[PDB]
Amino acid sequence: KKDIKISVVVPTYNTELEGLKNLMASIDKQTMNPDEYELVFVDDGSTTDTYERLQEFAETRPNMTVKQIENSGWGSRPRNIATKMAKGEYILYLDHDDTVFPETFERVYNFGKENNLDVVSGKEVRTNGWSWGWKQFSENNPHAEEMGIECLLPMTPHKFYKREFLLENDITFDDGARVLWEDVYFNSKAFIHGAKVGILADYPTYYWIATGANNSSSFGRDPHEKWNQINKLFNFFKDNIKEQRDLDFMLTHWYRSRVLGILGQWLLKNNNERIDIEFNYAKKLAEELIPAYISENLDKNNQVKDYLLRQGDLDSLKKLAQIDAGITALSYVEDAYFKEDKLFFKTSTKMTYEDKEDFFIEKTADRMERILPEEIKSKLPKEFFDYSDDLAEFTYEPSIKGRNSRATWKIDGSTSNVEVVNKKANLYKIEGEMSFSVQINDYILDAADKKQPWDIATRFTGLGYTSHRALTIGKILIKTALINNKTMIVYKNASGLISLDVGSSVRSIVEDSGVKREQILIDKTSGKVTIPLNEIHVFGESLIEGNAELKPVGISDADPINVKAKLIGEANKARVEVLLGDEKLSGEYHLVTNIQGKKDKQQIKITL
């Protein structure tokens, strides 16, 4: 019949139909025609009656196929079996707790088909954090495998894989024994077999939801199992990745992230029993599997960690974790205002311990050094605590997050400046300033994005530290704008962080702007009541439909009178027109406007 573009494989196990409502809805709302994709659910031997109800459900959907296998224990064998019965050109591994954005299938397929891609690595979104794949999802790239294996990071399985490519190269998930980071093996095997990879960065494709339920299995908490799994992963890299630059990247990335990653604040969150266990494991892994040259790919602080790890100097690493504890960079709002159709920010930041006192580096002779106790300084190669060659590698960038979609984006076009300032004696602090503007239409991709609160954040990097935190301000900030049929309010939110409310999802634009009460005009021939807004930045033409409620003054149990109202922006002024029209009214009346589902508390009263 008609060729299938996309096969969505979803493993299940004791999965109630109610737990699939959001998933099924996100698939049903795909712009792609439903006879061009298929769903392949494979049940991992459920013991309850959830499989029966799944098969009954699938009887009403011709593009949905449902199968059950003997219980294997995890979703690898369900994914593999679903893959062998899929018919689509591309396969998406969609976990049943996750959802897909409405234009994903169309955009991903068109991108993969036009560029003959074997893997489409689409922008993935996560519930928490201010970024995901910040480096890799930076621009669309149809030839991303030219960058080497890093084009597949983050190595989740939530990409679109060309089915014939998986089958031709026998790329499958491991279903013989549970392994950690199974998706890292899967994506590595794809790259090793010469996959053409494309990165689709301009549209969120996949939403990996954080459920809050814990994988509280003894398998994932066993420290001996953990380091057995890390040994297996590094031996997999060394045995199978032949291109030197790809092997060295994987060895560096994973040594830094999961091996040296236990040598910082992890040392302050664990007891000596588990520290000694995991530390001895890491020392053995560095010696046996990690070439000594890898350490030259690392930043200064990681070179110190690698050095002391190989020395077995756990006591110094513990002391260094105490000295490093709390280093951060939080941005303060210096200025915020609307100009034309955009919102402008001036921000400032400096490196601190937990937004308190200054973080310092020390100038000795002609080199800027890390402030360390003399016992540790004399134990290290001198270059490792010399920041001199790193004082020009600071970055300071802004970012935004949709509070409903959870999509995160870099705000482009910013200018920033980071200075190393001599505070006192030979101590130097790190100060930064940034200017940027927000054109909210750059981030409105789905219709739901038009009414959303947006949260603003800054990303500061330098000296090996990365601080991506929300933008904040201390004083109360409330500023409003009416820009080309968009209500916009920038404000200090309830957590003390900077937000932009578009579409009255959180705040009332009438209440936040104020009402020139003495400038209210009543036209008794047309029934129009004009209510001009006080403090608001108006750009372009705007007409927001709403309504208003009238109740007579004095009557306690008065019945409301509902009429149509309009928020109008023209000639850089804003007003609410309440259309009484033909209604017969007399006396004084309360007036409460209801624009975009928010009511004002301006105590407006009119007399007819």
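In this text, the rigid core denotes the largest set of C-alpha atoms whose superposition between the two forms falls within 1.5 Å. Heads up: residue numbers just count along the shown sequence, starting at 1.
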Next on the checklist: Out of 175 to 183 and 202 to 210, which one drifts farther from the shown form in 5 other deposited structures of this protein in terms of CA positions, with the fit done on the rigid core?
Outcome noted: 175 to 183
Checklist entry - Of the stretches 527 to 535 and 75 to 83, which sits farther from where it is here in 5 other deposited structures of this protein, on average over its Cα atoms, after fitting the core? => result 75 to 83
Item to check | residue 216 dropped in a third or more of the other entries | outcome: yes
Checklist entry - Taking the recorded C-alpha temperature factors, which stretch has the higher mean, 420 to 428 or 156 to 164? => result 420 to 428
Checklist outcome for this item: Mean Cα B-factor check, 8 to 16 vs 587 to 595, entry values; winner is 587 to 595
Next on the checklist: Just the C-alpha B-factor column, please: which of 27, 42, 39, 553 has the biggest number?
Outcome noted: 553
Item to check | Criterion, highest CA B-factor; candidates, 212, 102, 148, 194 | outcome: 212
Checklist entry - Should residue 398 be placed in the lowest, middle or highest third of its chain by the C-alpha B factor in the entry? => result lowest
Next on the checklist: Is residue 391 in the lowest, middle or highest third of its chain when residues are ranked by C-alpha B-factor?
Outcome noted: highest
Checklist outcome for this item: Here the Cα B-factor of residue 225, set against its chain, lands in the third termed middle
Checklist entry - residue 282: which third of its chain by C-alpha temperature factor? => result middle
Next on the checklist: Looking at the temperature factor on the CA atom of residue 385, which third of the chain's modelled residues does it land in?
Outcome noted: highest
